[PDB]
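**Q** I have a structure here, written as structure tokens, and I will follow up with some questions on it.
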Amino acid sequence: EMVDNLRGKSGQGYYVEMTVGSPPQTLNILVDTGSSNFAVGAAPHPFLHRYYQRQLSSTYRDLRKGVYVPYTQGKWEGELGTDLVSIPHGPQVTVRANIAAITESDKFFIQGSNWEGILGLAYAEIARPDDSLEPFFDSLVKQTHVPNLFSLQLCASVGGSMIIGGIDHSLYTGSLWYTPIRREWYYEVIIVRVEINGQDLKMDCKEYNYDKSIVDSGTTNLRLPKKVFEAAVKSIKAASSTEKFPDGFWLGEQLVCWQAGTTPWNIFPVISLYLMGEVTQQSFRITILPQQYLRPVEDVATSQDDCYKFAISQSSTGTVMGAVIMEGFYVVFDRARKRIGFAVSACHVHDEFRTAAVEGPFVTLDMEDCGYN
Ligand SMILES: CCNc1cc(C(=O)N[C@@H](Cc2ccccc2)[C@H](O)CN[C@@H](C)C(=O)NC2CCCCC2)cc(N2CCCC2=O)c1
């Protein structure tokens with residue numbers, strides 16, 4: 001009953017239905033492995049269909065403390081409190097959890113996204129105002145018998161599944177490969193190698209993780225450190241040089257469009273990210289097709305064409321493996337064993353020539369630690 005419990009619009013996040021308060025108020029909540037605060041719209045806003053009414057909840061408790069959360073995209077401020085929370089299409093449990101009631105925001109809520117709140121699934125270490133504000137998943141595990149693990153299968157309308165407390169074998173094929181959670185704050189991982197159509201970018205592997213690499217369902221793009229970004233774009237340009245695009249396309253400032261049904265997928269390369277294994281000097285790779293990193297932009301005005309944004313972009317805060325990377329993989333956040341597992345999803349991306357893949361093992365001769373710090 002947890003399969004197909006996520007919905008979304010492309011580029012706008014994936015969300016799960018939740019209830020807050022007593023009697024229960026239903027809200028759609030974006031699933032975010034890149035933050036650790038649970039927060040809901042709690043005042044009218046132009047892009048909110050509905051919001052949390054604390055005055056109607058007899059179980060609401062005010063903590064008399066404000067909070068401010070800035071993301072890469074957007075920011076909000078609100079009042080901290082606690083209340084009862086359920087997940088109708090999740091484990092049938094009720095937990096009392098910290099909730100930030102958002103009362104002001106800037107560029108956070110998205111016109112027509114269908115969600116009214118955000119569920120930060122990462123660790124206390126990055127919660128605001130500080131790590132004493134226990135995150136939702138921690139409360140769920142402490143207060144119920146739910147095992148300390150969840151999995152995400154992310155697939156304009158989109159869908160997928162969040163399996164809370166377990167792994168659903170019907171959602172993936174082949175083997176699950178595990179990479180260590182380096183540090184419990186973000187879901188921090190280590191990238192050891194990057195290839196563009198099988199050609200190594202040939203950088204010191206620390207560059208891939210300058211200054212951290214994270215797995216983030218709340219960010220859309222694959223975001224890369226400047227030096228890695230520039231090298232990657234050069235290589236993708238070279239692979240695709242049968243066609244020439246404006247510089248603005250490569251910067252995400254501009255769409256690329258082709259007559260409907262004629263997108264030349266085959267001129268764009270596959271990107272392989274090699275992730276650190278659980279054993280010394282071993283790795284595995286996840287392979288990303290252009291159908292993942294060229295993100296379709298739905299717009300009836302442009303619909304004689306298929307139009308796309310380049311969904312790899314630059315970062316000054318390390319690698320972000322966003323939703324564009326997670327799509328078509330089954331990703332297991334195995335908190336109990338401090339590891340992240342990847343497998344090919346039941347909704348994997350593939351055409352008649354190429355397929356997304358998770359494969360290993362690979363060995364490196366180079367004994368260098370790829371961690372930046
Ligand atoms: C799905 C929306 N698309 C979209 C959202 C974000 C974004 O900032 N996502 C946040 C959630 C969200 C979801 C929806 C709306 C706003 C924010 C994540 O939480 C960000 N995760 C990390 C990187 C972070 O900044 N964590 C903070 C650290 C400080 C303490 C709080 C957590 C970024 C992009 N970007 C930015 C450039 C390229 C890209 O894809 C596109």
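Ordering of the structure tokens sets the chain letters (A, B, ...), residue numbers begin anew at 1 in every chain, and ligands are numbered from 1 in the order given.
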Write out as number ranges by chain which residues come within 8 Å of range 89-93 of chain A when counting only C-alpha atoms, dropping same-chain ones fewer than 2 positions away.
**A** A: 1-2, 5, 17, 86-87, 95, 144, 146, 163-164
**Q** Counting only C-alpha atoms and all ligand atoms, which residues in chain A sit no more than 6 Å from ligand 1? For each one, give the nearest pair of atoms and the distance in Å, sorted by chain then residue number, as a Markdown table.
**A**
```
| residue | atom | partner | partner_atom_place_in_ligand_line | distance |
| --- | --- | --- | --- | --- |
| A:11 | CA | ligand 1 | 1 (C) | 5.5 |
| A:12 | CA | ligand 1 | 1 (C) | 4.1 |
| A:13 | CA | ligand 1 | 1 (C) | 3.9 |
| A:32 | CA | ligand 1 | 19 (O) | 5.8 |
| A:34 | CA | ligand 1 | 21 (N) | 3.8 |
| A:35 | CA | ligand 1 | 32 (C) | 4.0 |
| A:69 | CA | ligand 1 | 31 (C) | 5.3 |
| A:70 | CA | ligand 1 | 31 (C) | 5.6 |
| A:71 | CA | ligand 1 | 25 (O) | 3.9 |
| A:72 | CA | ligand 1 | 8 (O) | 3.7 |
| A:73 | CA | ligand 1 | 8 (O) | 3.8 |
| A:74 | CA | ligand 1 | 16 (C) | 5.1 |
| A:108 | CA | ligand 1 | 16 (C) | 4.7 |
| A:126 | CA | ligand 1 | 30 (C) | 5.7 |
| A:216 | CA | ligand 1 | 21 (N) | 6.0 |
| A:218 | CA | ligand 1 | 11 (C) | 4.3 |
| A:219 | CA | ligand 1 | 6 (C) | 4.0 |
| A:220 | CA | ligand 1 | 40 (O) | 3.6 |
| A:221 | CA | ligand 1 | 40 (O) | 3.8 |
```
**Q** For residue 129 in chain A, work out the shell of residues within 8 Å, counting only C-alpha atoms and skipping chain neighbours fewer than 3 positions away, then give it as a compact mmCIF listing (two decimals) with N, CA, C and O atoms, in the first residue's frame.
**A**
```
# COMPACT_ATOMS: atom_id res chain seq x y z
N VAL A 67 12.28 30.06 13.60
CA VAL A 67 13.32 29.38 12.82
C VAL A 67 13.36 29.95 11.40
O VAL A 67 12.34 30.41 10.88
N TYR A 68 14.56 29.99 10.83
CA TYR A 68 14.81 30.47 9.48
C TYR A 68 15.57 29.36 8.75
O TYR A 68 16.57 28.85 9.27
N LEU A 133 16.94 20.03 17.46
CA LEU A 133 15.61 19.92 16.87
C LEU A 133 15.56 18.60 16.10
O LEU A 133 16.01 18.51 14.96
```
**Q** Of the residues A:97, A:118, A:155, A:349, which is the one nearest to residue 134 in chain A, using only C-alpha atoms?
**A**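 Counting only C-alpha atoms, the residue closest to residue 134 in chain A is A:97.
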**Q** Please measure the separation of CA of residue 28 in chain A and CA of residue 116 in chain A, giving the value in Å to one decimal.
**A**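 Going from CA of residue 28 in chain A over to CA of residue 116 in chain A covers 5.7 Å.
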**Q** With distances taken over only C-alpha atoms, which residue among A:183, A:65, A:7, A:128 lies nearest residue 339 in chain A?
**A**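 Closest to residue 339 in chain A, using only C-alpha atoms: A:183.
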**Q** Which neighbours of residue 135 in chain A fall inside 9 Å, counting only C-alpha atoms, when residues of the same chain fewer than 5 positions from it are skipped, and could you give them as an MDAnalysis selection string?
**A** chainID A and resid 36:38 97:98 119:124 127 140
**Q** Kindly save the residues from that selection, with C-alpha atoms included, as a short mmCIF file (atom, residue, chain, number, x, y, z; two decimals), in the first residue's frame.
**A**
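Result written to part_16.cif:
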```
data_model
loop_
_atom_site.label_atom_id
_atom_site.label_comp_id
_atom_site.auth_asym_id
_atom_site.auth_seq_id
_atom_site.Cartn_x
_atom_site.Cartn_y
_atom_site.Cartn_z
CA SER A 36 16.33 17.96 8.00
CA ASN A 37 13.44 20.26 8.86
CA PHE A 38 9.77 19.30 8.66
CA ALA A 97 7.05 15.51 15.74
CA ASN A 98 8.63 18.93 15.46
CA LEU A 119 9.88 16.74 4.86
CA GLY A 120 13.59 16.96 5.59
CA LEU A 121 14.77 13.36 5.77
CA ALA A 122 18.47 14.03 6.52
CA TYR A 123 20.15 14.05 9.91
CA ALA A 124 19.92 16.36 12.94
CA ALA A 127 18.56 20.89 11.19
CA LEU A 140 9.24 8.06 13.68
#
```
**Q** Within 6 Å of residue 29 in chain A, counting only C-alpha atoms, which residues show up once you throw out same-chain ones fewer than 3 positions away? Write them as a list in words, please.
**A**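 Contacts, in chain order: residues 15, 16, 115, 117 and 118 of chain A.
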**Q** Could you list, as a ChimeraX atom specification, every residue within 10 Å of residue 368 in chain A, counting only C-alpha atoms and ignoring same-chain residues fewer than 2 positions away?
**A** /A:192,204-206,281,364-366,370-371
**Q** Go ahead and write the selection's residues with C-alpha atoms as a CSV table (one decimal), in the first residue's frame.
**A**
```
chain,number,residue,atom,x,y,z
A,192,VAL,CA,35.7,8.3,-7.1
A,204,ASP,CA,42.2,14.2,-8.9
A,205,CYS,CA,39.1,12.4,-7.4
A,206,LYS,CA,39.0,14.9,-4.5
A,281,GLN,CA,39.6,0.6,-3.5
A,364,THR,CA,41.4,1.4,-8.7
A,365,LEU,CA,45.2,1.2,-8.4
A,366,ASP,CA,45.2,4.7,-7.0
A,370,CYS,CA,38.7,10.9,-2.5
A,371,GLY,CA,37.2,12.7,0.4
```
**Q** Check range 299-345 of chain A with DSSP on the backbone and list each residue it calls strand (DSSP E or B), as a ChimeraX atom specification.
**A** /A:305-310,312-315,319-321,329-334,339-345
**Q** To one decimal place in Å, what is the distance between CA of residue 4 in chain A and CA of residue 20 in chain A?
**A**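 CA of residue 20 in chain A lies 21.1 Å from CA of residue 4 in chain A.
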